[PDB]
Structures are given as C-alpha cells and as structure tokens.
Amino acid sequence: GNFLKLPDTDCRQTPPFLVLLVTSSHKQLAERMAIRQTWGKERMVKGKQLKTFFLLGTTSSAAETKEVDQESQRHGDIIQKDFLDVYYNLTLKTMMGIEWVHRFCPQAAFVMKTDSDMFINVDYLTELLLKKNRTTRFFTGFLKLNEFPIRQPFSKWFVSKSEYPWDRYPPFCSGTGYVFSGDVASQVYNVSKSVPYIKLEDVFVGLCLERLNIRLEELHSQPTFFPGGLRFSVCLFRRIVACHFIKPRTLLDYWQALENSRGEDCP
C-alpha cells in the first residue's frame, strides 16, 4: 500500500476489539508519550483488546525525520506514508489510517480516529459499544448535522467556493474523535477516490459515508463526545468518551486523578 512504517502487530492472529488511530505532527512527541502513558496504553478492557497507533506523514526537517525513525524503532506503533504532514493534508493522514485498517487489520471490531489534544475514556467507550449491539455500518461521535462551510478567508477552517462549492456540509462527526465499526474502513477506502476531495478530514469522511448510505447515530442517550471541552471532575470524566482541549500535562494530571480516585463511588 506504499507504507514507510507498519506497526509490529498481527490482527489476524488476535483481532483487536478497539483500534485507536491518533493524529499528531512530527514535533508533538510529548503528546504521543502522554497518550502512550495514559489512555493509549494497550491492555485488555473487560477482556477486549485495545491497540493504539500513531499516524504520521513525512517532513522536510532531517532532524524530525531521524527523531521519528528512532521513535518508531523504539515503540513500533507508528503508521507512516510519504506525504507532507501539514494541517491541510489531514485528509491524507486520515485516509492513511483507514487504508491501514483495510489492508492490515480488517478484523478490528471498532476503530476510533482521534486527535492528540484529547482525553479518551476507553473503558466507558468499550462499555457503550458492547451495549450498542452494532457490528457493521456503524459510525458515531459528536454529530455535526447542519454545518455550513466557513467562508471567513483567514479562518483555520476556511474553504473557498472552489474548494467546496455548496451551501451545507454533509452530516459528519467532529474530527476530534469519532468511532466506526471496522468494516466501515474498507467501504470508505473503496469509495474515497470517487468522492469530491476536501481538505477537512472529518467532512471528507462524512462525504464518503453519505455516498455509502451509512447513517450517523448517537453512541448513547447522553452526550459522550465533547469537542468544546469540559470542566474536569472525576465523576464526570468517568461517564464520557472523549474530551477536547487537553494538553499533555493536563492529560497526565487527569489520568493521575482517575487513578488516585479509583475505587470511590460517584453520585
């Protein structure tokens, strides 16, 4: 498939229950280490396997290239292809991850694409997924259903009319973190080259899902994905899946808080 780095894993032998694909730039080693030490640590969750991989492109910086080569060798959990790893190539990055699931891990029951400035509660997510009774054509997250493209020309998420010429975006889920059954990867990969390209990855996946007639659904009767962030508390964070706006030091402190308070009951 044209990959420069492949994780040392065999999904055929031991099909994972949940695969996390984490986006981060080359310089964000601190993010990746914090994740590896917290919600990214591979383990059995209620007897289900969790696997965690980091998606990277390439960079022009020789120093960063060497750093990442060393990191891959040391940890063996990086998925890499030869594309310039910049914000406006995130669509390529996401498609790389999806391509990977399709080629080397179609046995994954579920896949979460997530960002690195995130807190993820894998235990509660696994509980809600096992409760959902859905194993195919399943896609959930924070649903963004009547979105309009941002036309402010200097905005981080600006798209011109030539980049995206219609008044509304398809239904899609926030790219801060979304979850889908493993089969969905193959479908999206198959259809991706025939769907109009857009440089916003979560929107592009929404376009693919729309072409596939895959409907978005809420994971639970209460909201569980929070792209806007949250005021922290142990009891709240025990009953959410994903929270945005979390820098590495904060992630480590929050993980510590959950460990320090394990075994206490919550209202």
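Sequential numbering from 1, following the sequence displayed.
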- Note on the structure: Avg C-alpha B-factor, entry values, 25-33 vs 224-232, higher side is 25-33
- Could you check which stretch, 130-138 or 163-171, carries the larger mean CA temperature factor in the entry? 130-138
- Top residue by Cα temperature factor, when 211, 238, 199, 43 are compared in the entry: 43
- Temperature factor at the Cα of residue 258, chain-ranked in thirds, falls in the middle
- Here the Cα B-factor of residue 72, set against its chain, lands in the third termed highest
- Note on the structure: Tertile call for residue 182 (CA temperature factor, within chain, third-based) is the middle
- Task: Classify residue 12 as lowest, middle or highest third according to the C-alpha B-factor given in the PDB entry, relative to its own chain.
- Result: highest
- Query: Comparing residue 82 with the other modelled residues of its chain, is its CA B-factor in the lowest, middle or highest third?
  - Reply: highest
